[PDB]
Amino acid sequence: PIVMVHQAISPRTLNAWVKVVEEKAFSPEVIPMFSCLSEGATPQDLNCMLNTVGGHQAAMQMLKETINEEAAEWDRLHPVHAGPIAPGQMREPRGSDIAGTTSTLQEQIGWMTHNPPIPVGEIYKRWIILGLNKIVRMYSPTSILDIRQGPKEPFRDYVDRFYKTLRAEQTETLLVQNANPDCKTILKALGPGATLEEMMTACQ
């Protein structure tokens, strides 16, 4: 990462990420973890994070596909002049450079710490997150329509499932509709505009 000087990604960071993906798979909270562990990361750093994941290769291939789509759109909006670059001068990044596949770390650092910056790390991270969001939505096991409160399920546990699902598929009305009959009666009686807090206290 660039913290301005460059510092190698730490083994602690790498290991934390790889373990999260191992334990959580693609639960929604994995995206914030990725974003939080990669602050100021270069494209090379980001590729270390993705490439050290051993499992989930279907997902990782989908991710490459999304990245390639964004890289091709980058090339469309920002064509680079073909031909020998000015001796000693910073060149223009193309999509594959931003994605760190055809750029060196030295070049990435140069872009990222230039004045003004070409924020290749930040641009790449956006493409990755776009791809991760698709994966999170795909691996969500259950439709929000199928999250319904059980006959003996505490309201809080139901609300946990409801919002966990909503977060993945990435409301209060459906929330009341999908509640069991005893809670629904209480909830409807609350009237319009009840906060979640008021609903949860009511069905406690």
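When you see a residue number, it is the position in the sequence shown, counting from 1.
Trainee: Mind giving me a quick count class for deposited residues absent from the model between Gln170 and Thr171? Options are none, 1 to 3, 4 to 9, 10 or more.
Mentor: Per the record, 4 to 9 deposited residues are absent between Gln170 and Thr171.
Trainee: If the chain runs straight from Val3 to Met4, say none; otherwise bin the unmodelled deposited residues as 1 to 3, 4 to 9, or 10 or more.
Mentor: Gap between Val3 and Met4: 4 to 9 unmodelled residues.
Trainee: Can you tell me whether 56-64 has a higher mean C-alpha B factor than 137-145 in this record, or the other way round?
Mentor: It is 137-145 that shows the higher mean C-alpha B-factor.
Trainee: So 118-126 or 84-92, which one's hotter by mean CA B-factor in the entry?
Mentor: Stretch with the higher mean C-alpha B-factor: 84-92.
Trainee: Where does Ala99 sit by CA temperature factor within its chain: lowest, middle or highest third?
Mentor: Lowest third, going by the recorded CA B-factors of the chain.
Trainee: Against its chain's modelled residues, does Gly131's Cα B factor rank lowest, middle or highest third?
Mentor: Answer is lowest: the recorded C-alpha B-factor places it there.
Trainee: Divide the modelled residues of the chain into thirds by Cα B-factor and specify which third, lowest, middle or highest, holds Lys152.
Mentor: Ranked within chain, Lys152 CA B lands in the highest tercile.
Trainee: Pull the Cα B-factor of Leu190 out of the PDB entry and bin it into the chain's lowest, middle or highest third.
Mentor: Highest third.
Trainee: Which third, lowest, middle or highest, does the C-alpha temperature factor of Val20 belong to within its own chain?
Mentor: Its C-alpha B-factor, which the entry lists for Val20, ranks in the middle third among residues of this chain.
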